Amino acid sequence: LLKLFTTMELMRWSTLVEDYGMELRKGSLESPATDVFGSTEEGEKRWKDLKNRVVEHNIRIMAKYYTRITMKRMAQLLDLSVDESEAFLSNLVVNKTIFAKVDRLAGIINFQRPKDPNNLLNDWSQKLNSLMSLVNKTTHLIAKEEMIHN
Amino acid sequence: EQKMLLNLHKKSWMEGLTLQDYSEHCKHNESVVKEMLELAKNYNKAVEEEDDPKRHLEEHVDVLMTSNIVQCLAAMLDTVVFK
Amino acid sequence: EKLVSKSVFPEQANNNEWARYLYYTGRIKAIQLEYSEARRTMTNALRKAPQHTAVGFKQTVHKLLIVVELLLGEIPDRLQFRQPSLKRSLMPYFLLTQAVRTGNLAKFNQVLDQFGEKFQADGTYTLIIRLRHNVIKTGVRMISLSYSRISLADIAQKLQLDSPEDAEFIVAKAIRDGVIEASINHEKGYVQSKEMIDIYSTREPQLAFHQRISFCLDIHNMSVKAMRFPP
Amino acid sequence: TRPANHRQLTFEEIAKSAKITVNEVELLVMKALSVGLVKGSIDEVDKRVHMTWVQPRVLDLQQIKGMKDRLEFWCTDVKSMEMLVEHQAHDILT
Amino acid sequence: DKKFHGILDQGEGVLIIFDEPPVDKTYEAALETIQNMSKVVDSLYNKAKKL
Amino acid sequence: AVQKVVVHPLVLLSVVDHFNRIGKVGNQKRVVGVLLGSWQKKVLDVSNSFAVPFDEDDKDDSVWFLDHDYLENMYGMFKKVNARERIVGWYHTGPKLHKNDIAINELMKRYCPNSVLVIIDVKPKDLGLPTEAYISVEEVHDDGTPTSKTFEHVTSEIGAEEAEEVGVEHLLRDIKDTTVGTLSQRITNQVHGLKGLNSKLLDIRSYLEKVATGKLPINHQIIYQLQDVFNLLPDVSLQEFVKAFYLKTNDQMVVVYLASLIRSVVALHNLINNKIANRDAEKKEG
């Protein structure tokens, strides 16, 4: 479970529940389950907060990876309804946690910030500089390889 | 020895085709054009009250023209060369 | 027309001679149906007129420019008719412009009957007849300017055209002749204008700035080139 | 195998190639990107996965011949533009 | 009233939002300089009357 | 490993003088000397160098002699003069390294474990970078290949000390270009960059031809770094890139136009003033 949150991949709350609910909440003689996620009311509150953490981690992963994901797809991947996912995303956006722009009319959750011409051409120039530099490295090493294999 | 002392400050070939930071070029253009605006005000006042804004204006124009022309030409060369 | 095609007018000439040549060339192109180039040439001639020295030449240039601009379908500047020197001279042309803009062909025929003979003295009668038969181009241009997806039936209704097919013919001809920027979806009969694209994102501003820069550099080269330092 | 200009990948080709469902290509490319072999991005309204590469591979004689032909084309273009630039800018060059 | 930036699309029913591009100070200063040398050209027109 | 080797003008001038001194009478291949300098976090600074009497035979590519005691007491003298200079490598003027150089590099390693040999091609004068710094490495080659000595390349550059800087600037004093650049020199810099890119691409194409024809073995690695070059192409004519490019081109073009207009108005004012002045002089003559 700890290594799961360190991996930059979506974890499905349904699958995570199906694989960890008995081990964490219920437990057994061989698995001394803690009181953190017990059947108590505070246990259920902590369970809801765990689901919130899971969906926040998933949302961060999508923001890292996706650019324009449909709202229904995000709802399916977050194990939430469309309205619940929309409300959670709006809450995250307002608190400046993540950057998103919910195009509600079409159901688009575009993540990338607007690309000004300045930054676009700056990225183009950076790509060109890297290309030239590693071309120079390749030329030097090609000279080395020819030189050794006389 | 003359040429291989010249090799000291000689710019690399990647420097000729490199492009100045576009976000910096715009700020430089803004600054120099605003100075040119103040210079144009001074030049209008001086020429009207005649019957050194001119030199400063000419220097600013030289700077602006060389910077923008070089950046544009480097952009075109980079667009054609790398495809 | 043959000579001006063969001979080349020297650029390094008097602005007065340049203005006269531009006026004559504009008249040539107006008669030769090259209306847009004639309008541009006559506008340049008017711009190069000797400020306020040649009342008659300016009056004739204004008359011809107004006529050709009306032929293009563009309503001219109103100020032309209210100038102290060109008020009475262009007053018949004021009536002509009002008649065509209002779309009242009866007013056009009326002003032809009364003051049209004066056009013969002004050497513009043929152009005025061409405009009498080309008035509808102005209405088509107005419709294109205002609307963006106006149907053919609405165009015929607003242009007094008897049939929608006549409207189709007129709008297609106007589109081909470089007066409109629309296309007629004949499948359901609506005229969709070419959607306006961000010109600053295109190469047009670069070309305009190129012309301006070339002119400025040529001006600097001419000014520095003489410098007239006496011995 | 993409021609390096239309680097975008459609959903159907991935589904038909890896014989997997169209709902699994998304997670598969996500895993590949997470491992560190892809640096692209994922779209959903068009569901075309944008593609950029930082994970090279082994070459072959035919592939080397083709890619050196591409490099020859690149160098020919560079030489042509260099010739044009020096010819047009002869006086200013100094 | 120049509050929150956006335009309503009544045709379908939408209020778009954007980031109000600054103004491009370079172009405004260029316009001011064009006006300034228009004034300078008028001043030169006041000159050049001495042939 | 070493990140960089910054070579001062003094060592390149000294190796030039050494090669001219030897080849003036002793027509011979590469001449060997020792490179001294100061270390840093990881970047070497080569500052002074000296020549060690060396001989070689083209037969068996192993009949050579570089003196040991000569190196030792040249360093003794140099350290007595300046103790900050440490043995940090060696140099030879040969454009290509020989099969022999491995032994000399091991001999230098005996004096400095992280010894880096700098090839200085005194005879050719070309595009640039007349110094190539090479370091011996030893590994199992990771991907299961037979092991050998090999000379891993380390990047090099030409820096200068303030005294050397003023010395070289005064030494040129007749072909030094303006540091402000101006349009002519920026355009020539662009042309030089295009020429250098063409030369590098031509060299890479020749290497690829040698590999494909079998005259050189497929490296199977680094070659895919050249493939990474091939992938890094910006792919211009993309719609967003085209729009941004046009926007910035127009943004620069309007400034160019404004400056050209400013210059034209200034020139017109100057011409008006000159005409007024010459007419004033003509009328005041009478």
# chains A, B, ... in the order shown; residues from 1 in each chain; ligands from 1
>>> interface_residues(of="chain A", to="chain F", cutoff="10 Å", atoms="only C-alpha atoms", output="number ranges by chain")
A: 115-121, 123-125, 127-128, 130-150
>>> write_last_selection(atoms="N, CA, C and O atoms", output="short mmCIF file (atom, residue, chain, number, x, y, z; two decimals), in the first residue's frame")
data_model
loop_
_atom_site.label_atom_id
_atom_site.label_comp_id
_atom_site.auth_asym_id
_atom_site.auth_seq_id
_atom_site.Cartn_x
_atom_site.Cartn_y
_atom_site.Cartn_z
N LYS A 115 -0.68 28.11 -24.11
CA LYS A 115 0.68 28.14 -24.63
C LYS A 115 0.88 29.45 -25.37
O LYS A 115 0.49 29.59 -26.53
N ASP A 116 1.49 30.42 -24.70
CA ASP A 116 1.79 31.69 -25.33
C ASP A 116 2.87 31.50 -26.40
O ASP A 116 3.68 30.58 -26.31
N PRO A 117 2.88 32.35 -27.43
CA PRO A 117 3.93 32.24 -28.45
C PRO A 117 5.33 32.35 -27.88
O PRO A 117 6.25 31.69 -28.37
N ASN A 118 5.51 33.18 -26.84
CA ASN A 118 6.82 33.34 -26.23
C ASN A 118 7.36 32.02 -25.72
O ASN A 118 8.47 31.60 -26.08
N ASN A 119 6.57 31.31 -24.91
CA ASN A 119 7.03 30.06 -24.33
C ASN A 119 7.12 28.95 -25.37
O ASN A 119 8.00 28.09 -25.29
N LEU A 120 6.22 28.95 -26.36
CA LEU A 120 6.30 27.96 -27.43
C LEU A 120 7.60 28.09 -28.21
O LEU A 120 8.32 27.10 -28.42
N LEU A 121 7.94 29.31 -28.62
CA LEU A 121 9.19 29.50 -29.34
C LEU A 121 10.40 29.31 -28.43
O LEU A 121 11.46 28.89 -28.90
N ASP A 123 10.54 26.99 -26.05
CA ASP A 123 10.71 25.54 -26.04
C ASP A 123 11.32 25.06 -27.35
O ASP A 123 12.16 24.15 -27.36
N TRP A 124 10.91 25.66 -28.47
CA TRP A 124 11.52 25.32 -29.76
C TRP A 124 13.01 25.62 -29.76
O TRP A 124 13.82 24.80 -30.21
N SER A 125 13.39 26.79 -29.24
CA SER A 125 14.80 27.16 -29.18
C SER A 125 15.58 26.24 -28.25
O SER A 125 16.74 25.90 -28.52
N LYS A 127 14.85 23.09 -27.60
CA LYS A 127 15.01 21.84 -28.34
C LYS A 127 16.14 21.95 -29.36
O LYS A 127 16.95 21.03 -29.50
N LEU A 128 16.21 23.09 -30.06
CA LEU A 128 17.28 23.28 -31.03
C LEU A 128 18.65 23.31 -30.36
O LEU A 128 19.62 22.74 -30.89
N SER A 130 19.53 21.86 -27.49
CA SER A 130 19.86 20.50 -27.08
C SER A 130 20.27 19.66 -28.28
O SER A 130 21.22 18.86 -28.20
N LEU A 131 19.57 19.82 -29.41
CA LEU A 131 19.92 19.09 -30.62
C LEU A 131 21.34 19.41 -31.06
O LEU A 131 22.13 18.51 -31.35
N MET A 132 21.68 20.70 -31.09
CA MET A 132 23.02 21.10 -31.51
C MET A 132 24.08 20.57 -30.55
O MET A 132 25.12 20.07 -30.98
N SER A 133 23.81 20.66 -29.24
CA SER A 133 24.79 20.21 -28.26
C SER A 133 25.05 18.71 -28.37
O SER A 133 26.21 18.27 -28.39
N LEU A 134 23.99 17.91 -28.44
CA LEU A 134 24.24 16.47 -28.50
C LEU A 134 24.68 16.03 -29.90
O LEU A 134 25.32 14.98 -30.02
N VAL A 135 24.42 16.83 -30.94
CA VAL A 135 25.10 16.64 -32.22
C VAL A 135 26.61 16.84 -32.06
O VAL A 135 27.41 16.08 -32.63
N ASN A 136 27.02 17.88 -31.33
CA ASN A 136 28.44 18.10 -31.09
C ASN A 136 29.05 16.93 -30.33
O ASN A 136 30.16 16.48 -30.65
N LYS A 137 28.34 16.43 -29.32
CA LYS A 137 28.82 15.27 -28.57
C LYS A 137 28.95 14.05 -29.48
O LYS A 137 29.95 13.32 -29.42
N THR A 138 27.95 13.82 -30.34
CA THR A 138 28.01 12.70 -31.26
C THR A 138 29.17 12.83 -32.23
O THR A 138 29.84 11.84 -32.54
N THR A 139 29.43 14.05 -32.72
CA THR A 139 30.55 14.25 -33.63
C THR A 139 31.88 13.98 -32.94
O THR A 139 32.76 13.31 -33.51
N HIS A 140 32.05 14.48 -31.72
CA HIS A 140 33.29 14.23 -30.98
C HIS A 140 33.49 12.73 -30.76
O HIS A 140 34.59 12.20 -30.96
N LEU A 141 32.43 12.03 -30.36
CA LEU A 141 32.59 10.61 -30.06
C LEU A 141 32.76 9.80 -31.33
O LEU A 141 33.44 8.76 -31.32
N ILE A 142 32.15 10.23 -32.44
CA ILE A 142 32.37 9.58 -33.72
C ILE A 142 33.82 9.74 -34.15
O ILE A 142 34.44 8.80 -34.67
N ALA A 143 34.39 10.93 -33.94
CA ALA A 143 35.81 11.12 -34.17
C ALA A 143 36.63 10.16 -33.31
O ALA A 143 37.58 9.55 -33.80
N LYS A 144 36.24 10.00 -32.04
CA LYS A 144 36.94 9.06 -31.17
C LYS A 144 36.87 7.63 -31.71
O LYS A 144 37.87 6.91 -31.73
N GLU A 145 35.68 7.20 -32.15
CA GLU A 145 35.50 5.82 -32.60
C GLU A 145 36.25 5.54 -33.89
O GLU A 145 36.87 4.48 -34.03
N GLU A 146 36.20 6.47 -34.85
CA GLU A 146 37.03 6.34 -36.04
C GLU A 146 38.50 6.31 -35.65
O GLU A 146 39.27 5.48 -36.14
N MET A 147 38.88 7.17 -34.71
CA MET A 147 40.28 7.35 -34.35
C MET A 147 40.86 6.08 -33.75
O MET A 147 41.98 5.67 -34.09
N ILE A 148 40.10 5.43 -32.86
CA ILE A 148 40.55 4.19 -32.24
C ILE A 148 40.59 3.06 -33.26
O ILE A 148 41.57 2.31 -33.34
N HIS A 149 39.52 2.92 -34.04
CA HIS A 149 39.43 1.85 -35.04
C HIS A 149 40.14 2.27 -36.33
O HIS A 149 39.54 2.41 -37.39
N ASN A 150 41.45 2.46 -36.20
CA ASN A 150 42.27 2.90 -37.32
C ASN A 150 42.48 1.77 -38.33
O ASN A 150 42.88 0.67 -37.96
#
>>> residues_around(residues="residue D:12", least_positions_apart="5", cutoff="12 Å", atoms="only C-alpha atoms", output="NGL selection string")
:D and (17-26 or 46-49)
>>> select_by_dssp(residues="stretch 71-231 of chain C", states="strand (DSSP E or B)", output="PyMOL selection string")
chain C and resi 151+182-185+190-193
>>> select_by_dssp(residues="chain C", states="helix (DSSP H, G or I)", output="PyMOL selection string")
chain C and resi 2-6+15-31+35-47+55-72+79-82+87-102+105-122+125-132+136-146+152-158+164-176+199-201+204-226
>>> interface_residues(of="chain B", to="chain E", cutoff="8 Å", atoms="only C-alpha atoms", output="NGL selection string")
:B and (29-30 or 33-34 or 36-37 or 40-41 or 43-44 or 47-48)
>>> interface_residues(of="chain A", to="chain E", cutoff="10 Å", atoms="only C-alpha atoms", output="number ranges by chain")
A: 101, 103-105, 114, 116
>>> closest_residue(among="B:72, B:54, B:20, B:78", to="chain C", atoms="only C-alpha atoms")
B:72
>>> interface_residues(of="chain F", to="chain D", cutoff="6 Å", atoms="only C-alpha atoms", output="ChimeraX atom specification")
/F:184,188,194,198,201,212,220,224
>>> write_last_selection(atoms="C-alpha atoms", output="tab-separated table (two decimals), in the first residue's frame")
chain	number	residue	atom	x	y	z
F	184	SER	CA	27.87	42.26	-40.48
F	188	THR	CA	28.98	36.12	-40.55
F	194	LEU	CA	25.62	27.01	-40.91
F	198	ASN	CA	27.07	21.27	-42.51
F	201	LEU	CA	26.53	16.53	-40.58
F	212	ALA	CA	26.74	0.63	-43.23
F	220	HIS	CA	25.11	-0.64	-31.35
F	224	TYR	CA	21.10	5.44	-30.96
>>> atom_distance(atom1="atom CA of residue C:196", atom2="atom CA of residue C:36")
22.0 Å
>>> interface_residues(of="chain D", to="chain A", cutoff="7 Å", atoms="only C-alpha atoms", output="PDB file with N, CA and C atoms, in the first residue's frame")
ATOM      1  N   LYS D  31       1.348   3.358 -18.330  1.00  0.00           N
ATOM      2  CA  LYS D  31       2.402   2.576 -17.691  1.00  0.00           C
ATOM      3  C   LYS D  31       3.731   2.756 -18.413  1.00  0.00           C
ATOM      4  N   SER D  34       5.085   6.056 -17.496  1.00  0.00           N
ATOM      5  CA  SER D  34       5.516   6.092 -16.103  1.00  0.00           C
ATOM      6  C   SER D  34       6.855   5.393 -15.912  1.00  0.00           C
ATOM      7  N   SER D  41       1.936  12.455 -24.325  1.00  0.00           N
ATOM      8  CA  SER D  41       0.764  12.901 -23.587  1.00  0.00           C
ATOM      9  C   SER D  41      -0.455  12.189 -24.152  1.00  0.00           C
ATOM     10  N   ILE D  42      -1.532  12.187 -23.372  1.00  0.00           N
ATOM     11  CA  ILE D  42      -2.739  11.437 -23.698  1.00  0.00           C
ATOM     12  C   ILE D  42      -3.901  12.407 -23.851  1.00  0.00           C
ATOM     13  N   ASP D  43      -4.617  12.287 -24.962  1.00  0.00           N
ATOM     14  CA  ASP D  43      -5.852  13.009 -25.223  1.00  0.00           C
ATOM     15  C   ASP D  43      -7.023  12.032 -25.151  1.00  0.00           C
ATOM     16  N   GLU D  44      -8.221  12.569 -24.928  1.00  0.00           N
ATOM     17  CA  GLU D  44      -9.378  11.683 -24.814  1.00  0.00           C
ATOM     18  C   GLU D  44     -10.534  12.057 -25.726  1.00  0.00           C
ATOM     19  N   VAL D  45     -10.787  13.351 -25.936  1.00  0.00           N
ATOM     20  CA  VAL D  45     -11.882  13.749 -26.817  1.00  0.00           C
ATOM     21  C   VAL D  45     -11.634  13.236 -28.230  1.00  0.00           C
TER      22      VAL D  45
END
>>> closest_atom_pairs(of="chain B", to="chain A", cutoff="8 Å", atoms="only C-alpha atoms", output="JSON lines")
{"residue": "B:14", "atom": "CA", "partner": "A:132", "partner_atom": "CA", "distance": 6.3}
{"residue": "B:18", "atom": "CA", "partner": "A:129", "partner_atom": "CA", "distance": 6.6}
{"residue": "B:19", "atom": "CA", "partner": "A:125", "partner_atom": "CA", "distance": 6.3}
{"residue": "B:21", "atom": "CA", "partner": "A:122", "partner_atom": "CA", "distance": 6.4}
{"residue": "B:22", "atom": "CA", "partner": "A:118", "partner_atom": "CA", "distance": 5.7}
{"residue": "B:23", "atom": "CA", "partner": "A:118", "partner_atom": "CA", "distance": 5.6}
{"residue": "B:78", "atom": "CA", "partner": "A:128", "partner_atom": "CA", "distance": 8.0}
{"residue": "B:82", "atom": "CA", "partner": "A:128", "partner_atom": "CA", "distance": 7.9}
>>> interface_residues(of="chain F", to="chain C", cutoff="12 Å", atoms="only C-alpha atoms", output="MDAnalysis selection string")
chainID F and resid 239:282
>>> closest_atom_pairs(of="chain B", to="chain F", cutoff="10 Å", atoms="only C-alpha atoms", output="Markdown table")
| residue | atom | partner | partner_atom | distance |
| --- | --- | --- | --- | --- |
| B:1 | CA | F:13 | CA | 6.4 |
| B:2 | CA | F:172 | CA | 6.8 |
| B:3 | CA | F:125 | CA | 7.1 |
| B:4 | CA | F:125 | CA | 7.4 |
| B:5 | CA | F:9 | CA | 6.5 |
| B:6 | CA | F:172 | CA | 7.8 |
| B:7 | CA | F:128 | CA | 6.5 |
| B:8 | CA | F:158 | CA | 5.4 |
| B:9 | CA | F:158 | CA | 7.9 |
| B:10 | CA | F:128 | CA | 7.7 |
| B:11 | CA | F:189 | CA | 8.0 |
| B:12 | CA | F:128 | CA | 7.3 |
| B:13 | CA | F:193 | CA | 4.0 |
| B:14 | CA | F:193 | CA | 5.8 |
| B:15 | CA | F:193 | CA | 6.9 |
| B:16 | CA | F:190 | CA | 4.3 |
| B:17 | CA | F:193 | CA | 5.6 |
| B:18 | CA | F:190 | CA | 8.8 |
| B:22 | CA | F:248 | CA | 8.6 |
| B:25 | CA | F:252 | CA | 9.2 |
| B:26 | CA | F:251 | CA | 8.4 |
| B:29 | CA | F:255 | CA | 7.5 |
| B:30 | CA | F:255 | CA | 9.3 |
| B:32 | CA | F:255 | CA | 9.9 |
| B:33 | CA | F:255 | CA | 7.8 |
| B:36 | CA | F:259 | CA | 8.9 |
| B:40 | CA | F:262 | CA | 8.7 |
| B:43 | CA | F:266 | CA | 9.6 |
| B:47 | CA | F:269 | CA | 8.9 |
| B:54 | CA | F:266 | CA | 7.2 |
| B:55 | CA | F:266 | CA | 9.6 |
| B:57 | CA | F:262 | CA | 7.8 |
| B:58 | CA | F:263 | CA | 6.7 |
| B:60 | CA | F:259 | CA | 8.3 |
| B:61 | CA | F:259 | CA | 5.0 |
| B:62 | CA | F:259 | CA | 7.9 |
| B:63 | CA | F:182 | CA | 8.5 |
| B:64 | CA | F:259 | CA | 7.0 |
| B:65 | CA | F:256 | CA | 5.5 |
| B:66 | CA | F:183 | CA | 5.6 |
| B:67 | CA | F:183 | CA | 8.4 |
| B:68 | CA | F:252 | CA | 5.7 |
| B:69 | CA | F:256 | CA | 7.5 |
| B:70 | CA | F:186 | CA | 6.8 |
| B:71 | CA | F:252 | CA | 8.5 |
| B:72 | CA | F:249 | CA | 6.6 |
| B:73 | CA | F:187 | CA | 8.5 |
| B:74 | CA | F:190 | CA | 7.1 |
| B:75 | CA | F:245 | CA | 8.6 |
| B:76 | CA | F:245 | CA | 9.7 |
| B:77 | CA | F:194 | CA | 8.4 |
| B:78 | CA | F:234 | CA | 9.5 |
| B:79 | CA | F:236 | CA | 6.4 |
| B:80 | CA | F:236 | CA | 8.4 |
| B:81 | CA | F:194 | CA | 8.6 |
| B:82 | CA | F:233 | CA | 6.0 |
| B:83 | CA | F:235 | CA | 5.1 |
>>> decode(residues="stretch 48-136 of chain C", atoms="C-alpha atoms", output="mmCIF file, in the first residue's frame")
data_model
loop_
_atom_site.group_PDB
_atom_site.id
_atom_site.type_symbol
_atom_site.label_atom_id
_atom_site.label_comp_id
_atom_site.auth_asym_id
_atom_site.auth_seq_id
_atom_site.Cartn_x
_atom_site.Cartn_y
_atom_site.Cartn_z
ATOM 1 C CA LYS C 48 0.038 63.961 -54.772
ATOM 2 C CA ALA C 49 -2.095 66.950 -55.787
ATOM 3 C CA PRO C 50 -0.448 70.319 -55.033
ATOM 4 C CA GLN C 51 -2.197 70.808 -51.668
ATOM 5 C CA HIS C 52 -4.454 73.730 -52.677
ATOM 6 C CA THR C 53 -3.096 75.034 -55.980
ATOM 7 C CA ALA C 54 -4.990 73.269 -58.799
ATOM 8 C CA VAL C 55 -8.719 73.576 -58.148
ATOM 9 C CA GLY C 56 -9.710 72.286 -61.583
ATOM 10 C CA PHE C 57 -7.365 69.299 -61.588
ATOM 11 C CA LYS C 58 -8.471 68.328 -58.083
ATOM 12 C CA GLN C 59 -12.122 68.693 -59.108
ATOM 13 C CA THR C 60 -11.661 66.459 -62.157
ATOM 14 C CA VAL C 61 -9.703 63.892 -60.136
ATOM 15 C CA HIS C 62 -12.411 63.874 -57.461
ATOM 16 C CA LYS C 63 -15.130 63.425 -60.094
ATOM 17 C CA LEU C 64 -13.380 60.490 -61.757
ATOM 18 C CA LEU C 65 -12.411 58.909 -58.427
ATOM 19 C CA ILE C 66 -15.984 59.150 -57.149
ATOM 20 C CA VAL C 67 -17.313 57.580 -60.348
ATOM 21 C CA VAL C 68 -14.833 54.693 -60.305
ATOM 22 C CA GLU C 69 -15.294 54.081 -56.567
ATOM 23 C CA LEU C 70 -19.032 53.860 -57.172
ATOM 24 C CA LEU C 71 -18.303 51.377 -59.963
ATOM 25 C CA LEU C 72 -16.364 49.276 -57.440
ATOM 26 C CA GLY C 73 -19.370 49.368 -55.100
ATOM 27 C CA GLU C 74 -17.703 51.515 -52.419
ATOM 28 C CA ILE C 75 -19.460 54.623 -51.113
ATOM 29 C CA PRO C 76 -16.965 57.519 -51.303
ATOM 30 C CA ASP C 77 -16.007 59.923 -48.555
ATOM 31 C CA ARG C 78 -18.773 62.401 -47.764
ATOM 32 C CA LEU C 79 -16.295 65.210 -47.045
ATOM 33 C CA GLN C 80 -15.459 65.431 -50.762
ATOM 34 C CA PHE C 81 -18.864 66.981 -51.422
ATOM 35 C CA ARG C 82 -18.675 69.506 -48.564
ATOM 36 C CA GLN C 83 -15.331 71.103 -49.431
ATOM 37 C CA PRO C 84 -15.576 74.842 -50.209
ATOM 38 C CA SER C 85 -13.998 74.456 -53.653
ATOM 39 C CA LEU C 86 -15.579 71.128 -54.667
ATOM 40 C CA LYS C 87 -19.125 71.599 -53.331
ATOM 41 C CA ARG C 88 -20.883 72.811 -56.485
ATOM 42 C CA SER C 89 -18.591 70.882 -58.843
ATOM 43 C CA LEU C 90 -19.382 67.541 -57.176
ATOM 44 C CA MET C 91 -23.014 68.359 -56.325
ATOM 45 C CA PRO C 92 -24.350 66.363 -59.331
ATOM 46 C CA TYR C 93 -22.054 63.564 -58.189
ATOM 47 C CA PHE C 94 -23.517 63.988 -54.700
ATOM 48 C CA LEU C 95 -26.964 63.419 -56.201
ATOM 49 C CA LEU C 96 -25.659 60.407 -58.134
ATOM 50 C CA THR C 97 -24.087 58.887 -55.014
ATOM 51 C CA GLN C 98 -27.252 59.473 -52.987
ATOM 52 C CA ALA C 99 -29.380 57.864 -55.701
ATOM 53 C CA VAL C 100 -27.219 54.747 -55.984
ATOM 54 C CA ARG C 101 -26.758 54.357 -52.215
ATOM 55 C CA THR C 102 -30.513 54.655 -51.679
ATOM 56 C CA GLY C 103 -30.976 52.058 -54.427
ATOM 57 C CA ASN C 104 -33.545 54.234 -56.230
ATOM 58 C CA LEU C 105 -32.847 53.586 -59.905
ATOM 59 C CA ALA C 106 -35.598 56.088 -60.730
ATOM 60 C CA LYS C 107 -33.533 58.770 -58.989
ATOM 61 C CA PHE C 108 -30.553 57.564 -61.031
ATOM 62 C CA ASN C 109 -32.457 58.025 -64.287
ATOM 63 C CA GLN C 110 -33.720 61.417 -63.102
ATOM 64 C CA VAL C 111 -30.229 62.710 -62.316
ATOM 65 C CA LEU C 112 -29.147 61.325 -65.693
ATOM 66 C CA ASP C 113 -31.869 63.389 -67.377
ATOM 67 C CA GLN C 114 -31.024 66.688 -65.677
ATOM 68 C CA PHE C 115 -27.285 66.745 -64.931
ATOM 69 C CA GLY C 116 -26.131 63.704 -66.913
ATOM 70 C CA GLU C 117 -25.422 65.887 -69.942
ATOM 71 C CA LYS C 118 -22.862 67.717 -67.796
ATOM 72 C CA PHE C 119 -21.085 64.366 -67.447
ATOM 73 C CA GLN C 120 -20.536 64.469 -71.212
ATOM 74 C CA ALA C 121 -18.745 67.786 -70.727
ATOM 75 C CA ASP C 122 -16.831 66.108 -67.890
ATOM 76 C CA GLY C 123 -16.022 63.064 -70.041
ATOM 77 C CA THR C 124 -17.638 60.485 -67.749
ATOM 78 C CA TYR C 125 -20.959 59.599 -69.419
ATOM 79 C CA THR C 126 -19.960 56.055 -70.398
ATOM 80 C CA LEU C 127 -18.769 55.329 -66.857
ATOM 81 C CA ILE C 128 -22.040 56.701 -65.476
ATOM 82 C CA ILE C 129 -23.997 54.353 -67.756
ATOM 83 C CA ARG C 130 -21.801 51.468 -66.598
ATOM 84 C CA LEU C 131 -22.659 52.402 -63.016
ATOM 85 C CA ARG C 132 -26.350 52.639 -63.922
ATOM 86 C CA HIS C 133 -26.125 49.007 -65.010
ATOM 87 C CA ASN C 134 -23.747 48.039 -62.158
ATOM 88 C CA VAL C 135 -25.590 49.586 -59.171
ATOM 89 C CA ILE C 136 -26.564 46.164 -57.778
#
